[PDB]
Structures are given as structure tokens and as C-alpha cells.
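Colleague:
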Amino acid sequence: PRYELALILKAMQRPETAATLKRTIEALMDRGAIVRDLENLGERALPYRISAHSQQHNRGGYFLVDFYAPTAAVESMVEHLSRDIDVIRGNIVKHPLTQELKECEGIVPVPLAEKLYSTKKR
Amino acid sequence: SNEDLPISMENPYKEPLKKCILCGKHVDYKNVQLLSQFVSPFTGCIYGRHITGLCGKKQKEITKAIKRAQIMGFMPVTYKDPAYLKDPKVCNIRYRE
Amino acid sequence: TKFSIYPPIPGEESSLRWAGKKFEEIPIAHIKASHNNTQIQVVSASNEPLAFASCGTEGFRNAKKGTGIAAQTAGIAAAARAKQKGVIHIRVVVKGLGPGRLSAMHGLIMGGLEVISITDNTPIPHXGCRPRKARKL
Amino acid sequence: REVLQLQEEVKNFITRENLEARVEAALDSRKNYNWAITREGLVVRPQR
Amino acid sequence: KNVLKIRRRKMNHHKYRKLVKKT
Amino acid sequence: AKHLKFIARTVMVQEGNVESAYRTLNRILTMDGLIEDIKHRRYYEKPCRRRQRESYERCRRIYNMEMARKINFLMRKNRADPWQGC
Amino acid sequence: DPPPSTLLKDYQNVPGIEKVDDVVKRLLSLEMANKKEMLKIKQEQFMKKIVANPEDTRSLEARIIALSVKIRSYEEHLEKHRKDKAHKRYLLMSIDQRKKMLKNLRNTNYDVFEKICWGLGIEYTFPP
Amino acid sequence: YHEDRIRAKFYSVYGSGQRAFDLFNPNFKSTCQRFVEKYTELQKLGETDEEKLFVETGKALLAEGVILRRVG
Amino acid sequence: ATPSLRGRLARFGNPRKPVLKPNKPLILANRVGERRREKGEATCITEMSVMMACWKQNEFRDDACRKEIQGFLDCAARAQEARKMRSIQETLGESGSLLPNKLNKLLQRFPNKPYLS
Amino acid sequence: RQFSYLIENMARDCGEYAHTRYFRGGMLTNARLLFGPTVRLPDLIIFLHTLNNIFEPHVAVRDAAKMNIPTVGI
RNA sequence: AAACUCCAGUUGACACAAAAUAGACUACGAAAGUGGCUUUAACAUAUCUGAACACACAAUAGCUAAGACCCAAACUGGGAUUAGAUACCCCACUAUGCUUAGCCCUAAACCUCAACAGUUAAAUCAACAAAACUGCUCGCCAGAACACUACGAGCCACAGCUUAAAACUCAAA
Ligand code: FES
Ligand SMILES: [K+]
Ligand SMILES: [K+]
Ligand SMILES: [K+]
Ligand SMILES: [K+]
Ligand SMILES: [Mg+2]
Ligand SMILES: [Mg+2]
Ligand SMILES: [Mg+2]
Ligand SMILES: [Mg+2]
Ligand SMILES: [Mg+2]
Ligand SMILES: [Mg+2]
Ligand SMILES: [Mg+2]
Ligand SMILES: [Mg+2]
Ligand SMILES: [Mg+2]
Ligand SMILES: [Mg+2]
Ligand SMILES: [Mg+2]
Ligand SMILES: [Mg+2]
Ligand SMILES: [Mg+2]
Ligand SMILES: [Mg+2]
Ligand SMILES: [Mg+2]
Ligand SMILES: [Mg+2]
Ligand SMILES: [Mg+2]
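Chains as they are written, first to last, in the deposited numbering: chain E, 2 to 123; chain P, 46 to 142; chain I, 58 to 194; chain U, 155 to 202; chain 3, 128 to 150; chain Q, 2 to 87; chain L, 66 to 193; chain S, 65 to 136; chain 2, 2 to 118; chain B, 149 to 222.
1. Opposite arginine 90 (chain E) in the DSSP bridges: which residues?
2. For the segment 114–134 of chain L against the segment 150–168 of chain L, are there 3 or more C-beta pairs whose distance is under 8 Å?
3. Give me the pocket residues for ligand 7, defined as CB within less than 6 Å of any heavy atom, sorted by chain position.
4. Would you call the CB atoms of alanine 208 (chain B) and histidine 167 (chain B) closer than 9 Å?
5. Quick check on DSSP: helix, strand or coil for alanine 20 (chain E)?
6. Could one say the Cβ of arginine 149 (chain B) lies closer than 9 Å to chain Q's Cβ atoms, at least one of them?
7. Just curious, the beta strand (DSSP E) that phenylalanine 68 (chain E) is in, first and last residue?
8. Does the pairing of the segment 84–97 of chain 2 with the segment 64–75 of chain 2 give three or more beta-carbon distances under 8 Å?
9. Which residues of chain P have a Cβ atom closer than 7 Å to the Cβ of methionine 68 (chain Q), listed in chain order?
10. Just tell me which of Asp177 (chain I), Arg187 (chain I), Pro188 (chain I), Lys190 (chain I) has its CA closest to the CA of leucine 35 (chain Q).
11. Please go through the segment 9–76 of chain 2 and give each complete alpha helix (DSSP H) segment of 4 or more residues, from N-terminal end onward.
12. Any C-beta of chain P within less than 7 Å: which residues of the segment 172–193 of chain U qualify?
13. Rounded to the nearest angstrom, what separates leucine 181 (chain U) and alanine 19 (chain E) at their Cα positions?
14. For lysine 89 (chain I) and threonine 95 (chain I), I'd like the C-alpha separation in whole angstroms.
15. Should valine 36 (chain E) be flagged as near chain P, meaning a C-beta pair shorter than 9 Å?
16. Say whether the segment 72–81 of chain L touches the segment 158–174 of chain B, bearing in mind that this needs 3 or more beta-carbon pairs closer than 8 Å, one atom from each stretch.
17. Please tell me whether, using a cut-off of 8 Å, the distance from the CB of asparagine 24 (chain 2) to the nearest non-hydrogen atom of ligand 8 is below it.
18. Return the first residue and the last residue of the alpha helix (DSSP H) that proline 101 (chain 2) is part of.
19. Specify, as a first and last residue, the run of the alpha helix (DSSP H) that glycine 184 (chain L) falls within.
20. Can you give me, in chain order, the residues of the segment 80–94 of chain P that have a beta carbon less than 8 Å from any beta carbon in chain Q?
21. What does DSSP give as the partner residue(s) for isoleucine 175 (chain I) in the beta ladder?
22. Please confirm if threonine 72 (chain E) has its CB atom under 9 Å from at least one CB of chain L.
23. Name the residue from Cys136 (chain P), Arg141 (chain P), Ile138 (chain P), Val122 (chain P) whose alpha carbon lies nearest to the alpha carbon of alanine 9 (chain Q).
24. Determine, for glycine 17 (chain Q), whether the minimum Cβ-Cβ distance to residues of chain P falls below 9 Å.
25. Please report how far the alpha carbon of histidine 142 (chain L) lies from the alpha carbon of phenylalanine 68 (chain E), in whole angstroms.
26. Tell me whether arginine 91 (chain L) sits in a helix, a strand or coil according to DSSP, three-state version.
27. Could you give the C-beta distance for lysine 121 (chain I) and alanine 127 (chain I), rounded to a whole number, given that I count them as a contact under 8 Å?
28. Name the chain E residues that come within less than 8 Å of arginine 202 (chain U), Cβ to Cβ?
29. So, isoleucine 191 (chain U) versus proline 133 (chain P), is the Cβ gap smaller than 9 Å?
30. Contact criterion: CB-CB distance below 9 Å. Does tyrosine 153 (chain B) meet it with respect to chain Q?
31. Who are the neighbours of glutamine 78 (chain P) on chain U, taking C-beta pairs under 8 Å?
32. Whose C-alpha, out of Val51 (chain 2), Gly72 (chain 2), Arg110 (chain 2), is nearest the C-alpha of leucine 75 (chain Q)?
33. Name, please, each residue of chain Q whose Cβ falls closer than 7 Å to the Cβ of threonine 123 (chain P).
34. In the DSSP assignment, find the alpha helix (DSSP H) that holds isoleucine 136 (chain L) and state where it starts and stops.
35. Give the DSSP-derived three-state secondary structure of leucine 167 (chain L) in the structure shown.
36. Taking 8 Å as the cut-off, does the CB of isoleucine 96 (chain P) come closer than this to any heavy atom belonging to ligand 1?
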């Protein structure tokens, strides 16, 4: 199916960042994935401090990898990302653009619930 | 019979159903700016739908997106990112007197 | 400019200053307001301790420690030792809902310190350790 | 129609040939998923 | 309703369990 | 612990008015539910007891909001008697 | 199981699917789909092999074939999840509902009952 | 009534008339009712399109001096 | 907006388990609760603790603590009158939205009708 | 009460009777005690409003039927 | 009061535990249950009812074996209270709560309201509770107590569970 890899990489210089991305996309291809796109979301401060591979991180490079892969590749890819020392945090989610949003007509108002109690005189 | 009798039909004056501010829009966990508009600035607490004004479907989508973004490293948990404090105030809550 | 209750964000260029010092450089008064005691530690922005006082160190014992006037006295004591070290403006970080939560802050002000901000750091676990069982009274 | 649309997209997919070239092209660009909503339901794109 | 019927059963079971323990 | 400090639950003091800053902070923590949460967490509330409390609090909200809605609806009729003497 | 290269049931009869790039064939194959898509291909094979009208899905034959594919999916699921009591219930209930279908098919159309048993490899058993 | 469809559209397009209803006069005619009567007259002349029968009605009233300020 | 009550109570026709278990019928009474007096607290303690601080430092000699002593007496005088001012306003309803007596006469005219007539 | 004065005058003008005030328990069903053993009750009760001021039926509707008095009512 | 005083506060590092807010939502599941994130598998039945002679499940507690261990905590120990205190109150700590592999098969397992289909008219209807009914089916009930007991039988259960009486006794319950 179509997946989206949200990848936070260690803040590095351009050459080491390209080597990590190439090494990560090749890992996907070795597992049968068809990589569709690679997006750079920019280097930014992390929302909180993240400890990964005996190091503390405050900044990271945010990247996205849109790809198709067999269902069995996800479990194997998660294991690969856990061992790469240049990856702070990598998560694979089902691509949000696959899920089609149903149309919404609007807010149907809810009337006050009726006849909850018998009409006998109390 | 008679021309002046009422005729059966659907209400012509019926107003269109109201829609939430996010009706028809995609809620992504990567859009932290949007998600930040639905958390407390001081505590990061997700606002209930009575404050956000969202429908049930979008309150859930926003809630699930916030939780995903927080634990995936896109959004802080204990406070609203200060970068988004000057964004449009869409929630019905006032903390200053 | 209009007043902002939101603290200045470190790394951005703010105009607010206190005795020529930025918010990131103002010392911190840590108030731990427990149910049976109140502990106050004033530290520098670099985490250097400057003064420590608690209701127990001020000669209060047992249930008298868990009172407002006891915390107010502890605040005055910490403020006095901190003022001698060059502290005027402090950032207050109070954790706990004890009786000395607000009274400990008054003592800091009566002792000659100016509070520029108040921060609550009361620990709230997001799901954490199971607390002790309820009391039968 | 879905096979035709997909057949054009495959031309822009990443391969082992254009991998090094596509990586450098990504490092030079920036993708922004951030936008805000208003009380009237209007999107407010970021100032970039 | 009161628990008077439960209270009878409670005592029977308590005395029964105690008898079994004693013997 | 891993987050930045002096952002969460932080209120700045205006013109040395520390009382108004503390009242504002206390108002923030109350509206977000932290004060009641901290208090309920001092002793463990067993799940059966928590469900009963939530049910009681939800039924009270419905009743209180419905009684308030009726008061506001009838408040216009608190005007002086137009037909005094009849 | 069908080969992974097998196309999806939706894209197998589109004109020109055999001349598209190999990459496009992978993206429309079973290899790039979830297991539920493989079960739809298995259901199609059994229908053509057994039922007279492979397009009639409401016949007692088609229901027995559809349920037999679900039953095999539960058995494969439970082979990896042996403590999944929820799906163990679904399997036992589904086996009982196929026997109730087979009973009714045996009583109404024996010639079709025999082809269903041979095609699906079901050994009908009379209850004790 | 059939004319309620014409009234619903008129209020949407042109809003409520700035002229005030006088519900005491049993023969009062509002701008909407004047619009509805012209709309009915043109329909009886054989025109059957709805969007076209609505635009021609506005022009006729403007020719007669009626003020029709579109809401948007 | 009031929370929904659809499908919340255990009833015939409602498949789900009950969401709410009200111990009282959710039916509006024809009266509101009575104004609940606020728990009292000691006042003027700040001035009281400044006077007693001077006494401690001056061997309980009033001659040295005249300024603080007068301040404590003024706080009590102001607070003593505050007892009369609040009580007068509390009965008048100057600060209350409405008085429970006034709010109940209004509900008497529009009683909730949970029965058919 | 908006029409109490109007109705009382109309009754006097036609030579009939009006009761627009609070209706005390038993005016009809206990009339002999309240007025006297020889009191003559109404032969017809006309309700211009059949509801009381709490939006329930006027008690005299039930009591008129009890006393077998025909009622006209808006 | 006892307890600790290699204690407490700030900062940093750091789980095989538990899962604020959202939730004023009312969803999922046969029930038991299920509210941190991700992915994979996945939620029977194109009439209905139906197994106490079967099959598969079944909160908490508990048993067996090997592990983990923050916190809570039967028992136990100490402090206090009391006429006494085998309790309620305070402190410490264990079995246990967790994981894995097997057992055990019980709950006020109750929303004490069976499944399916249908109705809101007639008599609306003992009372209260959550208005009154119809068709059809299975299950169950027939004064109280003895009795969640005795015996028999079955069961990985051996101080257990399931099924479950009688005698004596009462004129009530
Ligand atoms: S009202 Fe349409 S999605 Fe919220
Ligand atoms: K949580
Ligand atoms: K909640
Ligand atoms: K039971
Ligand atoms: K119950
Ligand atoms: Mg009772
Ligand atoms: Mg007994
Ligand atoms: Mg009750
Ligand atoms: Mg059945
Ligand atoms: Mg069990
Ligand atoms: Mg266990
Ligand atoms: Mg412990
Ligand atoms: Mg232990
Ligand atoms: Mg766990
Ligand atoms: Mg239960
Ligand atoms: Mg039962
Ligand atoms: Mg049944
Ligand atoms: Mg039914
Ligand atoms: Mg009996
Ligand atoms: Mg038992
Ligand atoms: Mg037994
Ligand atoms: Mg036996």
C-alpha cells in the first residue's frame, strides 16, 4: 500500500544529510518499496528534547518519503530505522491522501430527548 | 378542485445546515499550525468541542492528529508552540478576566 | 506596546529588560508547596543555589509547618539571604497546591524581591504511578 | 483514468539512477504543510 | 430494596466457609 | 522534563501586581481542569468510583444548563405587572 | 495463493493494462495490496471453477464460496495468533454457518452440492 | 404554496425589502409579492425556464421604478 | 448547548449500555437552590502579622510599634464595616444575578409540566 | 388578565355574570355551603379562555361537567 | 508518635509500570470488556428461534512455573486511638496487580428488564421503577427457612466450582 515515512534526522551538514537520505531510500527499495517523492520540511527545533543512540537532540531535519510497499516491508523498515544512528525518530503511517474524505452536508441539530419519563403525575 | 388549497412540498425557506470551520478541509498531523489553534496556550490541553466549535467528525480528526503529531516529534505536549500564539483565535475561551 | 502575559521566548529579540538583564538571565525562586511543608530555593539562571528556606528550617514543627504564615516566614528568610547575594528580580516556579503556595510568594515580596513572572510546575502524570488508597473518614 | 494518471506520475518517481540528483534537489527546496483557519473558515497560508 | 435477603446468605456463606476451615 | 521551560503555565507580572498575576494563573489552571485533576489524583479513585463521579457530573451539567436556559428564557417576564388590579 | 504479480480484480479488465510500464503493473498487483485484495481474487477463481453463473453472488453456491474464503483467512490468521479468542469465535461461527448452508444446498440441489464439495475440498459430515 | 419557492429565492437574492410590512392592511403588497405577481405573469406568457424567468422579472420592476438592491 | 440525552439512559429500545445513571429524574424542578453562604476566612492577617512582628522585635513595647498598631486597627475597622456593607448588598441582591426568592416566584408562573393535561 | 376588565363590562352590559378572578375551590361543587342552600347556579358557562395562568385547563371546566352545566368555550 | 537522615531542593541522565486534556463525545465488541502512538491481520450468518446432553469464551481475586519491579498493596511488623481496637488513622514491607506458559471458570457477570417481528388504538395503567401492549420462540419460576447446604455425579478444580434435595420448623416470609 501507499505509506508516508515521517523522518527526523540528526542535524548534520549537507553531505552527511544526503548520504543518510540515500541510505534510507535505498533501504526502502531493497525491501520492495516504490518511492514516489521526497520532501524537505526544513531544519527546526524539536518540540521537546529527544534522546537517541546515546545522544541528546534539540534540532533535527524533517523529511517525508512517499512510497508504495508491500505490507510486510513496514515491519522490516521500522527495524532498519531503529539501528541508523543518524535518524532521531522515524515513523511510517498510511498515506493520508489515500483515505478519501466523505462529503459532509453540515451539522444536523439534535432535538432535546423526549419521553424519557412517563407522563404520570408525580 | 380548488386552486387555493395548500400543496405538499419540502420547506422552501429551510436554511442550509451549518458547517464547522473545518468542514471539507483535510486535517493533517503535519499541519501543526492548525492543530495548535485547538490546544490551550498555557497547558497544551486539547479543547473540547464546546470550545472549538468543531463537529464530532472534526473534533476526532483534530484530536487524533494532535496525539499523532505530539508523539511523532512535530508538536509539543505541555504547551502551545509560541510561534503560533498570534494565529487567528477560533476557540471560544477567555483566560484574562 | 500592549502588555503580554506570555513570557518572552528565548532566542527571539525582545525589548523587555530587568536591571539590564534578559528574562533568560533572571534568577528563579523554586517554591515547593506541599500539604505539610513549604520549601523555597532561589537559584541563578545557571542553576547556582543562592538561598534555601523551608518552614522546618524556620523553627516551625508538625502541623504549624503546613500553614500560610509559616510559608510567608520561610519566604522572607529566603529573600533575605538572596537579596544579600544581589537578587532583586526573580522568576517564581511553584509546584504543589499546599497552603504555602501563595503565602510563600508574599514572603518573597515582603523580603525585598520583585516577582516578574509566576510559573506553575505542579506534577500532573498523564496516566504514571498509582497513588495511595483513599482514606475512610 | 486512474491508470493513465498513474502512468504519468511514475515518470517522476525516484529510481536508483536519479536518486543522488533527487536528494540534492530536495535539500535545496522546502515544503510547508502549515496553515491556519479563521473564524470564517478561511485558510491563512504562511508568510513565505 | 433492602439487602436483608443478601444478609442472610452472607452469614450462611461466612459460617459455612468458617466451618470448612475448622474441619 | 524534556520540554522547554518557562512556557507552560507561565504568566508575566504587570506593574508589580503579583496578586493579579497569581489570580490569572489560578484561573488558567482551573479552566483547563488542572486544579480539580491534581486534587482528584491525591488518592487513587477506583474506576467504578470514577465512572459514578463522571456520570453524576455529566447529569448535573445537563440539569444546570437546562435550568439556566429556562431562567434566561423567562427573565423577560420579570417586568412589572401590566394588568395590575385585574 | 495467487501469484503476487496477479493484477487487482478492479484493474484486470481495463484496456491496455498489459502495455503499461512494469512499475505500474507492480502498483496494481497483489504484491502492493492488503490481504483482503488477495481474497477477492481467490473468491473469483472459485466462482468460475464451481458456480454456473459466476456473476450471481446471492445464490447459495456463491455464499458458501465467499464464506469458505473467509474461513481460510481466519485459519491463517489464527495460525499466527493462537491466543486471539475473538477470531477463534468468528472461525467456529463461520464453520457452523457454512455447514448450515451446505445442509440447505444438499437438500435443494444435490448436483450443485457435490460440485461445491469437490471444488472447495469440503468433506460433508452428518452431525452426531 | 408554489409562490413560496419564489419568495425563498427573492429573500436570498435581494433580502427583505427595506420597506416595512403593514400587516394591519388586509390588502398590503410587499416588494416580494409584487415580484411574485410579475414572476407569475411572465410564467403564464409561456416562459418555463426558472433562472431566466427570474432575471427578466427583476428588469421589469426596475423599469417600473422599484428599488432592488442585491444583498451580495 | 446542553449535552445530548439521546440514548444516554437505560430504556426499552436503546440497545447500548447506559451512559448516565442519574439517581434523580432529569426533570426541571420549579425551584432553584438557596444561596449557599461562602465559607468564611480570616482577614487582615497581613496587617496583624506586621504588628506582631514589630512587637517581637521591640519586646512587645507599643511605643515603637504605633504605626503598625494603628494600621492593624484601621484594617479591622474597614473590615468590620465590610461586614455591614456586604450583608446589606447580599440581601438587596446588588451583586447577585437574582435572588432565589425572586427567581422562584418567576418559575412559579411557568411551572415545568412533566404530565399531560 | 389582559381582558378581565373587558369581559366584566360585557357581562354587566348584557345582564349576565362574569368570573375573571382567582377561582376558589368549590364555587360550583360546594356552592350551597359558600352561598347558601337556595343558591341558583349558572345554567350556562361561557369560557373565553379555557386555560388558567399556569396553562392548565380552568378548574371550572371539570367542575362545570360535575355539576352538569353546559359550557361554551373558545 | 513512629519512620528516614548515603536525607531534602535545583539540574541532567534514565521503565517489562500506568495511559492528563480530547470525552459536554456515546463509538467498538457476543458478553466479559475496550479511550497513548504506529503498522499488519481483522470484526460469523442474503429468514428467524434454538444446545444445562456439546463447543468456544468469560472482570477481579486465586493456583503452578520462569522473569520484571516505579508505584500501590491483603497479610505481617511498628506508631497512635480505645474500656478493649485482631479495626477505622500514620509508617514500613510481602503475596498480589505486570510479562510469558498453563490452570481456575466465579461477580450486584445487574442496564436485576431474553431473542426475533410489530403497534401507539382501544381498557393507558396495582405501587414504585425506565409508558402500555401484540405475535412467535427458547430459557426459567411455583410459601418462607433449612440451602450459594447434604449426598450423588462431572471437572487440570482437593479449604474449589457446577448441578442440587429431604427431614425437623413456621403462619407467615
Ligand atoms: S460540519 Fe462538515 S465536517 Fe464538520
Ligand atoms: K494518556
Ligand atoms: K474524561
Ligand atoms: K451468576
Ligand atoms: K446494576
Ligand atoms: Mg435506600
Ligand atoms: Mg443462616
Ligand atoms: Mg436510585
Ligand atoms: Mg441462532
Ligand atoms: Mg477468568
Ligand atoms: Mg494473575
Ligand atoms: Mg510503596
Ligand atoms: Mg512485590
Ligand atoms: Mg503495561
Ligand atoms: Mg459489568
Ligand atoms: Mg440474571
Ligand atoms: Mg435466547
Ligand atoms: Mg422489538
Ligand atoms: Mg420454595
Ligand atoms: Mg458463590
Ligand atoms: Mg457446594
Ligand atoms: Mg460432594
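C-beta atoms are modelled at their ideal positions from N, C-alpha and C, and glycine is treated no differently.
Modeller: This is what the structure holds:
1. Looking up residue 90 (chain E) in the first sequence gives position 89. Answer by DSSP bridge pairing, in chain order: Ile9 (chain E).
2. Cβ pair count under 8 Å is three or more, so yes.
3. For ligand 7, the selected residues are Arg135 (chain 3), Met138 (chain 3), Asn139 (chain 3).
4. In the tenth sequence, counting from the first residue as 1, residue 208 (chain B) sits at position 60. In the tenth sequence, counting from the first residue as 1, residue 167 (chain B) sits at position 19. With respect to the 9 Å criterion, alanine 208 (chain B) and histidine 167 (chain B) are classified as neighbours on the basis of their beta carbons.
5. Within the first sequence, numbered from 1, the residue matching residue 20 (chain E) stands at position 19. Shown here, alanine 20 (chain E) sits in a helix according to DSSP, grouped into three states.
6. As a working note, residue 149 (chain B) is residue 1 in the tenth sequence. Yes, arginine 149 (chain B) counts as interfacial toward chain Q.
7. For the purposes of this step, residue 68 (chain E) is taken as residue 67 along the first sequence, with counting starting at 1. 57–69 is the extent of the beta strand (DSSP E) around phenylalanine 68 (chain E).
8. The segment 84–97 of chain 2 is not in contact with the segment 64–75 of chain 2.
9. The count along the sixth sequence starts at 1 and reaches residue 68 (chain Q) at position 67. Those within 7 Å of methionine 68 (chain Q) in chain P number zero; the least Cβ separation is about 18 Å.
10. If you number the sixth sequence from 1, residue 35 (chain Q) lands on position 34. Of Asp177 (chain I), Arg187 (chain I), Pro188 (chain I), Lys190 (chain I), the residue nearest in Cα terms is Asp177 (chain I).
11. Runs found: 46–58.
12. Of all residues in the segment 172–193 of chain U, the ones placed with a Cβ closer than 7 Å to any Cβ belonging to chain P are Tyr187, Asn188, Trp189, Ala190, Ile191, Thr192, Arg193, in chain order.
13. The residue labelled residue 181 (chain U) in the question sits at position 27 within the fourth sequence. The residue labelled residue 19 (chain E) in the question sits at position 18 within the first sequence. If I take the Cα positions, the gap works out to 8 Å.
14. Your numbering for residue 89 (chain I) matches position 32 in the third sequence. Your numbering for residue 95 (chain I) matches position 38 in the third sequence. Pairing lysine 89 (chain I) with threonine 95 (chain I), the inter-Cα distance amounts to about 6 Å.
15. What you label residue 36 (chain E) is simply residue 35 of the first sequence in a count that begins at 1. For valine 36 (chain E), no CB of chain P lies under 9 Å from its own CB, so it is not counted at the interface with that chain.
16. The segment 72–81 of chain L vs the segment 158–174 of chain B: no contact.
17. To locate residue 24 (chain 2), count along the ninth sequence from 1; it is residue 23. The answer is yes for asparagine 24 (chain 2).
18. Walking along the ninth sequence from the start, residue 101 (chain 2) turns up at place 100. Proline 101 (chain 2) -> alpha helix (DSSP H) spans 101–110.
19. Working through the seventh sequence from its first residue, we reach residue 184 (chain L) at position 119. Boundaries of the alpha helix (DSSP H) around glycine 184 (chain L): 175–185.
20. Listed in sequence order: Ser85, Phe87, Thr88, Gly89, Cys90.
21. Here the question's residue 175 (chain I) lines up with position 118 in the third sequence. In the DSSP assignment, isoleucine 175 (chain I) is bridged to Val149 (chain I), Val12 (chain Q).
22. Sequence index remark: in the first sequence, residue 72 (chain E) carries index 71 (1-based). Closer than 9 Å to some Cβ of chain L, the Cβ of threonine 72 (chain E) qualifies, so yes.
23. In the sixth sequence, the residue the question calls residue 9 (chain Q) occupies position 8. Residue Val122 (chain P) is the option with its Cα nearest to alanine 9 (chain Q).
24. Taking the first residue of the sixth sequence as position 1, residue 17 (chain Q) is located at position 16. No, because no Cβ of chain P sits closer than 9 Å to the Cβ of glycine 17 (chain Q).
25. Stepping through the seventh sequence from its first residue, residue 142 (chain L) is reached at position 77. Stepping through the first sequence from its first residue, residue 68 (chain E) is reached at position 67. If you take the alpha carbons of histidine 142 (chain L) and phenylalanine 68 (chain E), they lie about 27 Å apart.
26. In the seventh sequence, residue 91 (chain L) corresponds to position 26, counting from 1. Three-state DSSP puts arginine 91 (chain L) in a helix.
27. As a working note, residue 121 (chain I) is residue 64 in the third sequence. As a working note, residue 127 (chain I) is residue 70 in the third sequence. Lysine 121 (chain I) to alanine 127 (chain I), Cβ: 6 Å. Contact.
28. The residue you call residue 202 (chain U) lines up with position 48 of the fourth sequence. Taking a Cβ-Cβ threshold of 8 Å, none of the residues of chain E is close to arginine 202 (chain U); the smallest such distance is about 10 Å.
29. Indexing the fourth sequence from 1 puts residue 191 (chain U) at position 37. Indexing the second sequence from 1 puts residue 133 (chain P) at position 88. Yes, these two residues count as a Cβ contact at 9 Å.
30. As a position in the tenth sequence, residue 153 (chain B) is number 5, starting the count at 1. Yes, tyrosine 153 (chain B) counts as interfacial toward chain Q.
31. In the second sequence, the residue the question calls residue 78 (chain P) occupies position 33. Neighbours of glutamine 78 (chain P) on chain U, chain order: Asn188, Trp189, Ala190, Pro200.
32. To locate residue 75 (chain Q), count along the sixth sequence from 1; it is residue 74. Ranking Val51 (chain 2), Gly72 (chain 2), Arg110 (chain 2) by Cα distance to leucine 75 (chain Q) puts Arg110 (chain 2) first.
33. As a working note, residue 123 (chain P) is residue 78 in the second sequence. Near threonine 123 (chain P) (Cβ distances below 7 Å), the residues of chain Q are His4, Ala9.
34. Sequence index remark: in the seventh sequence, residue 136 (chain L) carries index 71 (1-based). If you look at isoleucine 136 (chain L), you'll find it in the alpha helix (DSSP H) that goes 125–145.
35. Position 102 of the seventh sequence, counted from the first residue, corresponds to residue 167 (chain L). Assignment of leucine 167 (chain L) by DSSP, reduced to helix, strand and coil, places it in the helix class.
36. Along the second sequence, read from residue 1 onward, the residue named residue 96 (chain P) stands at position 51. Result no, Cβ not under 8 Å from ligand 1.
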